[PDB]
Structure formats: structure tokens, C-alpha cells
Amino acid sequence: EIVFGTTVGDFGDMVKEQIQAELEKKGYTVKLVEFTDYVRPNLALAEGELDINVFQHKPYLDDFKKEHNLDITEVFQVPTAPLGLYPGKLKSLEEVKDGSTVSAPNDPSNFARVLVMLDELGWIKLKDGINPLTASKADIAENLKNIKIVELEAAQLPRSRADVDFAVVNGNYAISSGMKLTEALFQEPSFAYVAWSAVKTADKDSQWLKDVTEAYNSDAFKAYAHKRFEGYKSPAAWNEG
């Protein structure tokens with residue numbers, strides 16, 4: 001038996017709908033433990049109550065295992081609900097004007113991700129040599145297109161598209177509000193916040209983990225993810241697949 005821990009939602013659905021049967025074909029059984037918060041999964045992993053968890057991105061994992069002194073590590077990436085720039089009052093990227101408004105989530109990590117995206121688009125230029133994970137308005141070296149960024153609560157972003165020219169919406173709120181991820185005009189190119197699986201470090205070279213990694217990178221899983229999770233950001237190793 002391989003004991004998976006996930007949050008309730010997409011990451012558990014991957015286990016239940018595709019990964020479980022794939023690993024059954026390889027001699028294993030899969031036991032899914034669902035968690036409703038983000039603190040317990042790594043602790044349960046570290047105490048040996050889980051063999052692997054799939055819920056978090058690497059910035060979160062790094063901070064968590066540092067602060068709790070856990071001997072755990074990321075293993076592989078999984079398809080992840082993406083941060084996207086969606087149409088607002090304007091309907092395409094080249095309609096952007098000097099002074100165009102962009103709504104964005106106001107929590108510091110998501111806001112930093114928005115700034116990095118706008119820098120990739122060429123609408124702003126961030127200072128050089130900064131930590132992209134903590135980018136803030138102070139780090140804008142040149143506002144190329146004089147964009148006005150309207151900071152709102154993440155949950156409010158789906159309703160802002162009448163108020164601003166473009167809206168940056170988190171994948172989770174895009175999904176829960178009925179938006180299609182494929183509607184985004186521009187999806188976050190960075191992989192810095194794609195979700196990873198995690199294990200105890202002592203287990204990182206184990207045979208069962210090689211088989212789990214294979215299952216999460218198999219052709220069957222890829223086709224499943226392309227149908228079930230259209231628009232999600234794929235693991236880098238899939239080559240945009």
C-alpha cells in the first residue's frame with residue numbers, strides 16, 4: 001500500500017481517477033488520505049503517516065520544512081491550476097494602452113507573481129537582481145506602459161472584469177467562479193508555483209517512488225490530464241505537453 005495525502009479537490013481527483021489504477025497495474029494498492037488544511041499534510045508525511053503528499057508548491061514547501069525542521073523533499077511536478085490574465089474591458093493583449101488598468105490579487109506572493117507576469121509581457125520592467133518571489137511595486141524599475149495595477153482580494157477578481165481593462169485571476173477562483181482557464185489571454189509562464197509531490201528524504205531513492213514518478217509522467221496520465229484539467233500548467237518535463 002502506498003499512502004497518498006492530498007488536499008480535497010484536483011490533486012485527490014488525480015489519485016482517484018487515474019493514478020490509483022495505474023499503480024494497481026504495478027502491484028500496489030493506493031490509500032488516499034484527504035486533508036482540509038495546508039499544515040497537516042507535511043507533518044503527517046514526516047511522522048510516517050503518509051508515504052507521499054501532493055498539495056503544495058516549492059516555495060511553500062521550502063518555508064514549511066525550514067520552519068518545522070522536516071527532512072522532506074519535493075520529487076516531481078504535477079498539473080496545476082494556473083494564474084491567468086483574462087479579458088476585462090479590453091479583449092486582447094495588443095489593445096493595451098498607456099494607462100490601462102489591470103486588477104490583481106493583493107496578497108504579497110500572488111502580487112509578486114502578477115508583477116513577474118507583467119514583466120514577461122513587456123508591460124513593466126522589474127529591477128534586476130531581485131528575488132522574484134517577493135517582487136513588489138517598489139521593484140518596478142520602469143513602468144513601460146504606465147499600467148495601473150488595481151489590488152483586490154483574490155476572491156473578488158472574477159467580478160472585477162467590468163471595472164478594469166484586464167484581470168489577473170488565480171486558477172482556483174477562476175475555476176470556482178465558472179471561468180474557463182483556456183479563456184485566459186496570457187497564462188503565467190513561470191514554473192515557480194507549479195505543485196510538487198513530496199516525500200521523506202530517506203525515501204527519495206526508493207523503488208515505489210520511481211514507480212509513482214513514472215505513473216505521474218506516463219502517456220495515460222498525460223492524456224487524462226489533458227482532458228480532465230484542460231488549461232492547467234503542465235510539468236516542465238512534459239515540454240509544454
# chains A, B, ... in the order shown; residues from 1 in each chain; ligands from 1
call {"tool": "residues_around", "arguments": {"residues": "region 71-84 of chain A", "least_positions_apart": "4", "cutoff": "7 Å", "atoms": "only C-alpha atoms", "output": "number ranges by chain"}}
result
A: 46, 65, 168-172, 184, 186-188, 194-201, 213, 232-235
call {"tool": "write_last_selection", "arguments": {"atoms": "N, CA and C atoms", "output": "mmCIF file, in the first residue's frame"}}
result
data_model
loop_
_atom_site.group_PDB
_atom_site.id
_atom_site.type_symbol
_atom_site.label_atom_id
_atom_site.label_comp_id
_atom_site.auth_asym_id
_atom_site.auth_seq_id
_atom_site.Cartn_x
_atom_site.Cartn_y
_atom_site.Cartn_z
ATOM 1 N N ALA A 46 6.006 13.621 7.512
ATOM 2 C CA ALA A 46 7.212 13.492 8.323
ATOM 3 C C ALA A 46 7.070 12.459 9.437
ATOM 4 N N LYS A 65 9.264 23.274 5.589
ATOM 5 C CA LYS A 65 10.226 22.312 6.101
ATOM 6 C C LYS A 65 11.378 23.011 6.806
ATOM 7 N N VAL A 168 -6.216 39.760 -13.641
ATOM 8 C CA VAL A 168 -5.401 38.591 -13.333
ATOM 9 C C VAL A 168 -6.108 37.802 -12.242
ATOM 10 N N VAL A 169 -6.485 36.567 -12.558
ATOM 11 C CA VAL A 169 -7.250 35.720 -11.654
ATOM 12 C C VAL A 169 -6.453 34.459 -11.349
ATOM 13 N N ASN A 170 -6.468 34.071 -10.070
ATOM 14 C CA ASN A 170 -5.903 32.806 -9.625
ATOM 15 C C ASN A 170 -6.708 31.642 -10.184
ATOM 16 N N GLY A 171 -6.024 30.518 -10.407
ATOM 17 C CA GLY A 171 -6.683 29.376 -11.019
ATOM 18 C C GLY A 171 -7.847 28.855 -10.198
ATOM 19 N N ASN A 172 -7.691 28.822 -8.874
ATOM 20 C CA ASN A 172 -8.741 28.264 -8.029
ATOM 21 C C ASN A 172 -10.010 29.105 -8.094
ATOM 22 N N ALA A 184 -8.054 32.522 -20.803
ATOM 23 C CA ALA A 184 -7.019 33.497 -20.489
ATOM 24 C C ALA A 184 -6.297 33.938 -21.753
ATOM 25 N N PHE A 186 -3.311 35.242 -21.509
ATOM 26 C CA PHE A 186 -1.907 35.013 -21.188
ATOM 27 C C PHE A 186 -1.862 34.239 -19.886
ATOM 28 N N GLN A 187 -1.189 33.096 -19.887
ATOM 29 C CA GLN A 187 -1.017 32.304 -18.681
ATOM 30 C C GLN A 187 0.398 32.476 -18.143
ATOM 31 N N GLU A 188 0.512 32.457 -16.818
ATOM 32 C CA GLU A 188 1.787 32.612 -16.136
ATOM 33 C C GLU A 188 2.827 31.672 -16.747
ATOM 34 N N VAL A 194 4.207 25.866 -9.688
ATOM 35 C CA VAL A 194 3.595 24.587 -10.015
ATOM 36 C C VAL A 194 3.695 23.667 -8.802
ATOM 37 N N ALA A 195 2.671 22.843 -8.609
ATOM 38 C CA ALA A 195 2.641 21.931 -7.477
ATOM 39 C C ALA A 195 3.637 20.787 -7.660
ATOM 40 N N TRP A 196 4.200 20.339 -6.538
ATOM 41 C CA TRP A 196 5.112 19.205 -6.481
ATOM 42 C C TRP A 196 4.578 18.159 -5.515
ATOM 43 N N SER A 197 4.899 16.900 -5.791
ATOM 44 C CA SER A 197 4.813 15.871 -4.770
ATOM 45 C C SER A 197 5.986 15.996 -3.796
ATOM 46 N N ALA A 198 5.799 15.462 -2.584
ATOM 47 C CA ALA A 198 6.848 15.481 -1.570
ATOM 48 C C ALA A 198 6.881 14.166 -0.804
ATOM 49 N N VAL A 199 8.093 13.777 -0.404
ATOM 50 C CA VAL A 199 8.338 12.559 0.360
ATOM 51 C C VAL A 199 9.359 12.846 1.451
ATOM 52 N N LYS A 200 9.454 11.921 2.404
ATOM 53 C CA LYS A 200 10.592 11.925 3.312
ATOM 54 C C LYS A 200 11.876 11.704 2.526
ATOM 55 N N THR A 201 12.920 12.439 2.904
ATOM 56 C CA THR A 201 14.157 12.400 2.135
ATOM 57 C C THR A 201 14.748 10.999 2.101
ATOM 58 N N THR A 213 6.541 8.152 -9.750
ATOM 59 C CA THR A 213 7.006 9.169 -10.691
ATOM 60 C C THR A 213 6.662 8.776 -12.123
ATOM 61 N N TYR A 232 -4.596 23.630 -17.436
ATOM 62 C CA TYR A 232 -3.661 23.588 -16.324
ATOM 63 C C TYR A 232 -2.229 23.656 -16.836
ATOM 64 N N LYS A 233 -1.346 24.188 -15.997
ATOM 65 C CA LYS A 233 0.071 24.261 -16.334
ATOM 66 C C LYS A 233 0.705 22.885 -16.157
ATOM 67 N N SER A 234 1.265 22.348 -17.241
ATOM 68 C CA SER A 234 1.854 21.019 -17.218
ATOM 69 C C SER A 234 3.242 21.048 -16.587
ATOM 70 N N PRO A 235 3.681 19.932 -16.008
ATOM 71 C CA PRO A 235 5.081 19.829 -15.578
ATOM 72 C C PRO A 235 6.042 20.202 -16.699
#
call {"tool": "residues_around", "arguments": {"residues": "residue 241 (chain A)", "least_positions_apart": "2", "cutoff": "10 Å", "atoms": "only C-alpha atoms", "output": "list in words"}}
result
residues 222, 223, 225, 226, 233, 234, 235, 236, 237, 238 and 239 of chain A
call {"tool": "write_last_selection", "arguments": {"atoms": "N, CA, C and O atoms", "output": "PDB file, in the first residue's frame"}}
result
ATOM      1  N   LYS A 222      -0.883  11.644 -18.959  1.00  0.00           N
ATOM      2  CA  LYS A 222      -0.855  12.882 -19.726  1.00  0.00           C
ATOM      3  C   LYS A 222      -2.167  13.089 -20.474  1.00  0.00           C
ATOM      4  O   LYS A 222      -2.738  14.185 -20.453  1.00  0.00           O
ATOM      5  N   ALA A 223      -2.657  12.047 -21.153  1.00  0.00           N
ATOM      6  CA  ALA A 223      -3.933  12.172 -21.855  1.00  0.00           C
ATOM      7  C   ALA A 223      -5.071  12.458 -20.879  1.00  0.00           C
ATOM      8  O   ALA A 223      -5.938  13.310 -21.140  1.00  0.00           O
ATOM      9  N   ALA A 225      -4.861  14.015 -18.015  1.00  0.00           N
ATOM     10  CA  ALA A 225      -4.747  15.387 -17.535  1.00  0.00           C
ATOM     11  C   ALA A 225      -5.158  16.382 -18.610  1.00  0.00           C
ATOM     12  O   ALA A 225      -5.776  17.410 -18.309  1.00  0.00           O
ATOM     13  N   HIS A 226      -4.822  16.097 -19.868  1.00  0.00           N
ATOM     14  CA  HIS A 226      -5.217  16.985 -20.952  1.00  0.00           C
ATOM     15  C   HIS A 226      -6.731  17.062 -21.085  1.00  0.00           C
ATOM     16  O   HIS A 226      -7.263  18.120 -21.437  1.00  0.00           O
ATOM     17  N   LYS A 233      -1.346  24.188 -15.997  1.00  0.00           N
ATOM     18  CA  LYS A 233       0.071  24.261 -16.334  1.00  0.00           C
ATOM     19  C   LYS A 233       0.705  22.885 -16.157  1.00  0.00           C
ATOM     20  O   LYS A 233       0.694  22.325 -15.055  1.00  0.00           O
ATOM     21  N   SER A 234       1.265  22.348 -17.241  1.00  0.00           N
ATOM     22  CA  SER A 234       1.854  21.019 -17.218  1.00  0.00           C
ATOM     23  C   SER A 234       3.242  21.048 -16.587  1.00  0.00           C
ATOM     24  O   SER A 234       3.924  22.075 -16.619  1.00  0.00           O
ATOM     25  N   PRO A 235       3.681  19.932 -16.008  1.00  0.00           N
ATOM     26  CA  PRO A 235       5.081  19.829 -15.578  1.00  0.00           C
ATOM     27  C   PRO A 235       6.042  20.202 -16.699  1.00  0.00           C
ATOM     28  O   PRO A 235       5.828  19.872 -17.868  1.00  0.00           O
ATOM     29  N   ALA A 236       7.114  20.906 -16.328  1.00  0.00           N
ATOM     30  CA  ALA A 236       8.108  21.339 -17.308  1.00  0.00           C
ATOM     31  C   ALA A 236       8.619  20.170 -18.143  1.00  0.00           C
ATOM     32  O   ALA A 236       8.849  20.311 -19.352  1.00  0.00           O
ATOM     33  N   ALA A 237       8.810  19.009 -17.516  1.00  0.00           N
ATOM     34  CA  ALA A 237       9.370  17.854 -18.207  1.00  0.00           C
ATOM     35  C   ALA A 237       8.476  17.333 -19.326  1.00  0.00           C
ATOM     36  O   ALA A 237       8.944  16.530 -20.142  1.00  0.00           O
ATOM     37  N   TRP A 238       7.213  17.757 -19.386  1.00  0.00           N
ATOM     38  CA  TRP A 238       6.336  17.360 -20.479  1.00  0.00           C
ATOM     39  C   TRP A 238       6.573  18.171 -21.747  1.00  0.00           C
ATOM     40  O   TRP A 238       6.016  17.825 -22.796  1.00  0.00           O
ATOM     41  N   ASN A 239       7.368  19.238 -21.673  1.00  0.00           N
ATOM     42  CA  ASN A 239       7.697  20.073 -22.827  1.00  0.00           C
ATOM     43  C   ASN A 239       6.441  20.736 -23.394  1.00  0.00           C
ATOM     44  O   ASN A 239       6.106  20.606 -24.574  1.00  0.00           O
TER      45      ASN A 239
END
call {"tool": "residues_around", "arguments": {"residues": "residue 207 (chain A)", "least_positions_apart": "5", "cutoff": "12 Å", "atoms": "only C-alpha atoms", "output": "short mmCIF file (atom, residue, chain, number, x, y, z; two decimals) with N, CA, C and O atoms, in the first residue's frame"}}
result
data_model
loop_
_atom_site.label_atom_id
_atom_site.label_comp_id
_atom_site.auth_asym_id
_atom_site.auth_seq_id
_atom_site.Cartn_x
_atom_site.Cartn_y
_atom_site.Cartn_z
N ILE A 2 0.60 2.17 -0.93
CA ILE A 2 1.21 3.50 -0.94
C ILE A 2 0.18 4.48 -0.41
O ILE A 2 -0.93 4.58 -0.95
N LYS A 26 0.76 -2.09 -11.33
CA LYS A 26 2.16 -2.33 -11.00
C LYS A 26 2.33 -3.05 -9.67
O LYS A 26 3.44 -3.09 -9.13
N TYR A 28 0.75 -2.40 -6.68
CA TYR A 28 0.48 -1.63 -5.48
C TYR A 28 -1.02 -1.47 -5.25
O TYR A 28 -1.84 -1.63 -6.15
N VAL A 212 5.80 5.60 -8.78
CA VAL A 212 4.86 6.71 -8.70
C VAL A 212 5.25 7.82 -9.69
O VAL A 212 4.39 8.39 -10.38
N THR A 213 6.54 8.15 -9.75
CA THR A 213 7.01 9.17 -10.69
C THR A 213 6.66 8.78 -12.12
O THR A 213 6.15 9.59 -12.91
N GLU A 214 6.94 7.52 -12.47
CA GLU A 214 6.57 7.01 -13.79
C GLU A 214 5.08 7.21 -14.04
O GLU A 214 4.67 7.67 -15.12
#
call {"tool": "residues_around", "arguments": {"residues": "residue 152 (chain A)", "least_positions_apart": "2", "cutoff": "9 Å", "atoms": "only C-alpha atoms", "output": "PyMOL selection string"}}
result
chain A and resi 103-107+150+154-157+160
call {"tool": "residues_around", "arguments": {"residues": "residue 166 (chain A)", "least_positions_apart": "6", "cutoff": "12 Å", "atoms": "only C-alpha atoms", "output": "ChimeraX atom specification"}}
result
/A:84-97,99-104,114,118,147-150,157-160,184-186
call {"tool": "write_last_selection", "arguments": {"atoms": "N, CA and C atoms", "output": "compact mmCIF listing (two decimals), in the first residue's frame"}}
result
# COMPACT_ATOMS: atom_id res chain seq x y z
N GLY A 84 -3.76 33.43 -14.45
CA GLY A 84 -4.03 33.86 -15.81
C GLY A 84 -4.44 35.31 -15.88
N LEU A 85 -4.07 35.95 -17.00
CA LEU A 85 -4.56 37.28 -17.36
C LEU A 85 -5.73 37.11 -18.31
N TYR A 86 -6.89 37.59 -17.90
CA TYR A 86 -8.15 37.42 -18.60
C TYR A 86 -8.67 38.75 -19.12
N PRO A 87 -9.52 38.71 -20.14
CA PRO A 87 -10.06 39.96 -20.68
C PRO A 87 -10.94 40.67 -19.66
N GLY A 88 -10.83 41.99 -19.64
CA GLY A 88 -11.73 42.84 -18.89
C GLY A 88 -12.50 43.72 -19.85
N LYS A 89 -12.39 45.04 -19.68
CA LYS A 89 -12.96 45.95 -20.66
C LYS A 89 -12.25 45.84 -22.01
N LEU A 90 -11.00 45.37 -22.03
CA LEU A 90 -10.27 45.12 -23.26
C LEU A 90 -10.18 43.62 -23.49
N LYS A 91 -10.18 43.22 -24.76
CA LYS A 91 -10.37 41.83 -25.13
C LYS A 91 -9.14 41.18 -25.77
N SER A 92 -8.02 41.89 -25.90
CA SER A 92 -6.82 41.28 -26.44
C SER A 92 -5.59 42.06 -25.99
N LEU A 93 -4.45 41.38 -26.00
CA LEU A 93 -3.23 41.93 -25.42
C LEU A 93 -2.74 43.17 -26.16
N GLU A 94 -2.93 43.25 -27.47
CA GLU A 94 -2.38 44.38 -28.21
C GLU A 94 -3.29 45.60 -28.17
N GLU A 95 -4.47 45.49 -27.58
CA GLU A 95 -5.27 46.67 -27.28
C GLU A 95 -4.77 47.42 -26.05
N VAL A 96 -3.80 46.87 -25.33
CA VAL A 96 -3.28 47.54 -24.15
C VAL A 96 -2.84 48.94 -24.52
N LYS A 97 -3.23 49.91 -23.69
CA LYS A 97 -2.89 51.31 -23.90
C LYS A 97 -2.03 51.80 -22.74
N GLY A 99 -1.62 53.51 -19.60
CA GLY A 99 -2.57 53.78 -18.55
C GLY A 99 -3.63 52.71 -18.37
N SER A 100 -3.59 51.64 -19.16
CA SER A 100 -4.53 50.55 -19.00
C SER A 100 -4.49 50.01 -17.57
N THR A 101 -5.65 49.59 -17.08
CA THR A 101 -5.79 49.06 -15.73
C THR A 101 -5.74 47.54 -15.75
N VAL A 102 -5.09 46.97 -14.74
CA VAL A 102 -5.04 45.53 -14.55
C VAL A 102 -5.37 45.25 -13.09
N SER A 103 -6.42 44.46 -12.85
CA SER A 103 -6.70 44.03 -11.49
C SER A 103 -5.83 42.84 -11.14
N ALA A 104 -5.45 42.76 -9.86
CA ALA A 104 -4.52 41.73 -9.41
C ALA A 104 -4.82 41.38 -7.96
N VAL A 114 2.08 38.27 -10.22
CA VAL A 114 1.50 39.16 -11.23
C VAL A 114 2.56 40.09 -11.81
N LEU A 118 3.66 40.47 -15.72
CA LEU A 118 3.61 41.72 -16.47
C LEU A 118 4.98 42.08 -17.03
N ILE A 147 1.06 51.05 -16.70
CA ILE A 147 -0.06 50.24 -16.23
C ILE A 147 -0.45 50.68 -14.83
N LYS A 148 -1.75 50.75 -14.57
CA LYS A 148 -2.26 50.98 -13.22
C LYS A 148 -2.78 49.66 -12.68
N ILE A 149 -2.12 49.14 -11.66
CA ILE A 149 -2.47 47.85 -11.08
C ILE A 149 -3.44 48.08 -9.94
N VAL A 150 -4.63 47.49 -10.04
CA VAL A 150 -5.69 47.65 -9.06
C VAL A 150 -5.69 46.41 -8.16
N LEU A 157 -11.65 38.89 -7.68
CA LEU A 157 -11.12 39.19 -9.01
C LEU A 157 -12.07 38.78 -10.13
N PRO A 158 -12.80 37.68 -10.01
CA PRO A 158 -13.74 37.32 -11.09
C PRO A 158 -14.82 38.37 -11.35
N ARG A 159 -15.14 39.21 -10.36
CA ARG A 159 -16.18 40.22 -10.53
C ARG A 159 -15.63 41.58 -10.95
N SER A 160 -14.32 41.70 -11.14
CA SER A 160 -13.69 42.98 -11.45
C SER A 160 -13.60 43.25 -12.94
N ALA A 184 -8.05 32.52 -20.80
CA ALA A 184 -7.02 33.50 -20.49
C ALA A 184 -6.30 33.94 -21.75
N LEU A 185 -6.02 35.24 -21.84
CA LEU A 185 -5.21 35.77 -22.94
C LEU A 185 -3.74 35.48 -22.75
N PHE A 186 -3.31 35.24 -21.51
CA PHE A 186 -1.91 35.01 -21.19
C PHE A 186 -1.86 34.24 -19.89
call {"tool": "closest_residue", "arguments": {"among": "A:33, A:44, A:38, A:131", "to": "residue 61 (chain A)", "atoms": "only C-alpha atoms"}}
result
A:38
call {"tool": "select_by_dssp", "arguments": {"residues": "region 13-229 of chain A", "states": "helix (DSSP H, G or I)", "output": "MDAnalysis selection string"}}
result
chainID A and resid 13:24 40:47 58:67 93:95 108:121 132:134 137:139 154:159 171:176 181:183 201:203 207:216 219:228
call {"tool": "select_by_dssp", "arguments": {"residues": "region 21-161 of chain A", "states": "strand (DSSP E)", "output": "VMD selection string"}}
result
chain A and resid 30 to 35 52 to 57 72 to 77 84 to 87 101 to 105 125 to 126 140 to 142 148 to 152
call {"tool": "write_last_selection", "arguments": {"atoms": "C-alpha atoms", "output": "PDB file, in the first residue's frame"}}
result
ATOM      1  CA  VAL A  30      -3.214   3.177  -3.100  1.00  0.00           C
ATOM      2  CA  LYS A  31      -4.714   4.686   0.047  1.00  0.00           C
ATOM      3  CA  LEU A  32      -5.811   8.314  -0.259  1.00  0.00           C
ATOM      4  CA  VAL A  33      -5.918  10.491   2.860  1.00  0.00           C
ATOM      5  CA  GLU A  34      -7.626  13.816   2.218  1.00  0.00           C
ATOM      6  CA  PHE A  35      -6.731  16.905   4.242  1.00  0.00           C
ATOM      7  CA  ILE A  52       3.858  10.924  -0.253  1.00  0.00           C
ATOM      8  CA  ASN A  53       1.778  14.068  -0.444  1.00  0.00           C
ATOM      9  CA  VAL A  54       0.625  16.167  -3.391  1.00  0.00           C
ATOM     10  CA  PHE A  55      -0.791  19.574  -2.479  1.00  0.00           C
ATOM     11  CA  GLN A  56       1.831  22.336  -2.398  1.00  0.00           C
ATOM     12  CA  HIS A  57       4.286  24.340  -4.456  1.00  0.00           C
ATOM     13  CA  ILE A  72      11.305  16.050   3.390  1.00  0.00           C
ATOM     14  CA  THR A  73      11.853  16.936  -0.263  1.00  0.00           C
ATOM     15  CA  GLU A  74       9.969  17.634  -3.467  1.00  0.00           C
ATOM     16  CA  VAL A  75      10.054  14.913  -6.122  1.00  0.00           C
ATOM     17  CA  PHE A  76       8.088  15.716  -9.294  1.00  0.00           C
ATOM     18  CA  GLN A  77       5.727  18.367 -10.630  1.00  0.00           C
ATOM     19  CA  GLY A  84      -4.031  33.861 -15.808  1.00  0.00           C
ATOM     20  CA  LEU A  85      -4.557  37.277 -17.356  1.00  0.00           C
ATOM     21  CA  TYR A  86      -8.147  37.417 -18.600  1.00  0.00           C
ATOM     22  CA  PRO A  87     -10.065  39.962 -20.679  1.00  0.00           C
ATOM     23  CA  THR A 101      -5.786  49.057 -15.732  1.00  0.00           C
ATOM     24  CA  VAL A 102      -5.035  45.525 -14.547  1.00  0.00           C
ATOM     25  CA  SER A 103      -6.701  44.033 -11.489  1.00  0.00           C
ATOM     26  CA  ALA A 104      -4.522  41.725  -9.413  1.00  0.00           C
ATOM     27  CA  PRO A 105      -4.683  39.810  -6.120  1.00  0.00           C
ATOM     28  CA  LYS A 125      10.210  46.194 -16.220  1.00  0.00           C
ATOM     29  CA  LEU A 126      11.311  44.936 -12.815  1.00  0.00           C
ATOM     30  CA  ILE A 140       9.288  48.224 -10.717  1.00  0.00           C
ATOM     31  CA  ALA A 141      12.288  49.888 -12.353  1.00  0.00           C
ATOM     32  CA  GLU A 142      10.268  51.212 -15.308  1.00  0.00           C
ATOM     33  CA  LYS A 148      -2.264  50.983 -13.225  1.00  0.00           C
ATOM     34  CA  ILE A 149      -2.470  47.847 -11.083  1.00  0.00           C
ATOM     35  CA  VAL A 150      -5.689  47.651  -9.055  1.00  0.00           C
ATOM     36  CA  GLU A 151      -5.073  45.463  -6.000  1.00  0.00           C
ATOM     37  CA  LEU A 152      -8.134  43.492  -4.872  1.00  0.00           C
TER      38      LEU A 152
END
call {"tool": "atom_distance", "arguments": {"atom1": "CA of residue 220 (chain A)", "atom2": "CA of residue 15 (chain A)"}}
result
13.1 Å
call {"tool": "residues_around", "arguments": {"residues": "residue 112 (chain A)", "least_positions_apart": "2", "cutoff": "9 Å", "atoms": "only C-alpha atoms", "output": "PDB file with N, CA, C and O atoms, in the first residue's frame"}}
result
ATOM      1  N   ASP A 107      -2.552  39.751  -2.059  1.00  0.00           N
ATOM      2  CA  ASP A 107      -1.628  39.096  -1.144  1.00  0.00           C
ATOM      3  C   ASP A 107      -0.217  39.106  -1.737  1.00  0.00           C
ATOM      4  O   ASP A 107      -0.048  39.009  -2.955  1.00  0.00           O
ATOM      5  N   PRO A 108       0.816  39.222  -0.895  1.00  0.00           N
ATOM      6  CA  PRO A 108       2.157  39.522  -1.432  1.00  0.00           C
ATOM      7  C   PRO A 108       2.693  38.489  -2.412  1.00  0.00           C
ATOM      8  O   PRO A 108       3.316  38.868  -3.414  1.00  0.00           O
ATOM      9  N   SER A 109       2.478  37.195  -2.164  1.00  0.00           N
ATOM     10  CA  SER A 109       3.032  36.180  -3.059  1.00  0.00           C
ATOM     11  C   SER A 109       2.351  36.215  -4.424  1.00  0.00           C
ATOM     12  O   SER A 109       3.019  36.218  -5.472  1.00  0.00           O
ATOM     13  N   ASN A 110       1.016  36.258  -4.435  1.00  0.00           N
ATOM     14  CA  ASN A 110       0.303  36.322  -5.706  1.00  0.00           C
ATOM     15  C   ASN A 110       0.604  37.627  -6.430  1.00  0.00           C
ATOM     16  O   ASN A 110       0.736  37.650  -7.661  1.00  0.00           O
ATOM     17  N   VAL A 114       2.082  38.275 -10.223  1.00  0.00           N
ATOM     18  CA  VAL A 114       1.497  39.158 -11.229  1.00  0.00           C
ATOM     19  C   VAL A 114       2.559  40.085 -11.808  1.00  0.00           C
ATOM     20  O   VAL A 114       2.616  40.308 -13.022  1.00  0.00           O
ATOM     21  N   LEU A 115       3.386  40.675 -10.942  1.00  0.00           N
ATOM     22  CA  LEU A 115       4.416  41.586 -11.438  1.00  0.00           C
ATOM     23  C   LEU A 115       5.378  40.864 -12.371  1.00  0.00           C
ATOM     24  O   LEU A 115       5.770  41.408 -13.412  1.00  0.00           O
ATOM     25  N   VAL A 116       5.773  39.640 -12.015  1.00  0.00           N
ATOM     26  CA  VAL A 116       6.671  38.882 -12.884  1.00  0.00           C
ATOM     27  C   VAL A 116       6.005  38.615 -14.230  1.00  0.00           C
ATOM     28  O   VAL A 116       6.647  38.707 -15.285  1.00  0.00           O
ATOM     29  N   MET A 117       4.712  38.299 -14.223  1.00  0.00           N
ATOM     30  CA  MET A 117       3.994  38.082 -15.480  1.00  0.00           C
ATOM     31  C   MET A 117       3.944  39.331 -16.349  1.00  0.00           C
ATOM     32  O   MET A 117       4.118  39.263 -17.566  1.00  0.00           O
ATOM     33  N   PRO A 132      12.435  37.165  -7.292  1.00  0.00           N
ATOM     34  CA  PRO A 132      11.112  37.231  -7.931  1.00  0.00           C
ATOM     35  C   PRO A 132       9.986  36.829  -6.999  1.00  0.00           C
ATOM     36  O   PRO A 132       8.845  37.268  -7.193  1.00  0.00           O
ATOM     37  N   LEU A 133      10.277  36.018  -5.980  1.00  0.00           N
ATOM     38  CA  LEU A 133       9.237  35.532  -5.084  1.00  0.00           C
ATOM     39  C   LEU A 133       8.667  36.636  -4.207  1.00  0.00           C
ATOM     40  O   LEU A 133       7.556  36.484  -3.689  1.00  0.00           O
ATOM     41  N   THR A 134       9.395  37.742  -4.031  1.00  0.00           N
ATOM     42  CA  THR A 134       8.953  38.838  -3.174  1.00  0.00           C
ATOM     43  C   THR A 134       8.814  40.147  -3.944  1.00  0.00           C
ATOM     44  O   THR A 134       8.804  41.225  -3.333  1.00  0.00           O
ATOM     45  N   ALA A 135       8.711  40.081  -5.269  1.00  0.00           N
ATOM     46  CA  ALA A 135       8.569  41.292  -6.065  1.00  0.00           C
ATOM     47  C   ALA A 135       7.368  42.101  -5.589  1.00  0.00           C
ATOM     48  O   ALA A 135       6.292  41.551  -5.335  1.00  0.00           O
ATOM     49  N   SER A 136       7.563  43.412  -5.453  1.00  0.00           N
ATOM     50  CA  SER A 136       6.510  44.334  -5.048  1.00  0.00           C
ATOM     51  C   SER A 136       6.593  45.575  -5.928  1.00  0.00           C
ATOM     52  O   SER A 136       7.479  45.702  -6.776  1.00  0.00           O
ATOM     53  N   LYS A 137       5.656  46.507  -5.731  1.00  0.00           N
ATOM     54  CA  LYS A 137       5.655  47.713  -6.550  1.00  0.00           C
ATOM     55  C   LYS A 137       6.966  48.482  -6.424  1.00  0.00           C
ATOM     56  O   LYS A 137       7.383  49.152  -7.374  1.00  0.00           O
TER      57      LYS A 137
END
call {"tool": "closest_residue", "arguments": {"among": "A:231, A:18, A:12, A:58", "to": "residue 218 (chain A)", "atoms": "only C-alpha atoms"}}
result
A:18
call {"tool": "closest_residue", "arguments": {"among": "A:24, A:190, A:173, A:202", "to": "residue 120 (chain A)", "atoms": "only C-alpha atoms"}}
result
A:190
call {"tool": "atom_distance", "arguments": {"atom1": "CA of residue 64 (chain A)", "atom2": "CA of residue 176 (chain A)"}}
result
26.8 Å
